[PDB]
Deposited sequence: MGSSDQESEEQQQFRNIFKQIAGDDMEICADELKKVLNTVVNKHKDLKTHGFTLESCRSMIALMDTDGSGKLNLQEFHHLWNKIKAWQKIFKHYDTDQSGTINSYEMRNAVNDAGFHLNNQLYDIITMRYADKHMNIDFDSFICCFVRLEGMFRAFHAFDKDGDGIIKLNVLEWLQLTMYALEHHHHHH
């Protein structure tokens, strides 16, 4: 992680961790070309990759976030054949499935309604935002499902753990 370490150091600043603002800046500087990451996205990335609960991303946490964005970008580029900077809503079903998320029709429509624009396309920022929320929601759940069957039984404090973790707070 030669100058990856160095990129992290520049933006992280004095506390050596990355808050939402620093993440936007680094992400829009290095993943580049309207087509940029919003502060909404970067906050949900922090919220969901912040594994030690510090509230900001350290190097290790940032590096995992980064490998995730790249892999998701590969899938975007694969479906945006006509370089439009967007994929239509049908391709999103495919994208999500390719990235490992086998869902259902109710969920595919929720995703389209939430993340598609008025032409029914989905830009990269929305694309990444949606995948961040799916991975984050899946990992929150998975922590109670180490056996892997996709089914969990919860008591009330377990459900409060899950849900209070899942509900982001922005102010």
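Against the full deposited sequence, the model leaves out several stretches, namely 1 to 10, 44 to 48, 187 to 189.
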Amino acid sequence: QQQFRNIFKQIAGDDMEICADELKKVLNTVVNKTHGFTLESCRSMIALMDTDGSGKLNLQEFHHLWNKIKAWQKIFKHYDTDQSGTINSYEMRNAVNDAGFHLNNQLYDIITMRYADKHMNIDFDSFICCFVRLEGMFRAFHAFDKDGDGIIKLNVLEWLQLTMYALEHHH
From here on, numbers count along this sequence of modelled residues.
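Per-stretch averaging of Cα B factors for 92 to 100 and 74 to 82 places 74 to 82 on top.
With 45 to 53 and 126 to 134 compared on mean CA B-factor from the PDB entry, the stretch scoring higher is 45 to 53. Comparing C-alpha B-factors across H142, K118, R114, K68 in the deposited entry, the largest value falls on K118. Among the modelled residues of its chain, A12 has a C-alpha B-factor that falls in the highest third according to the deposited record.
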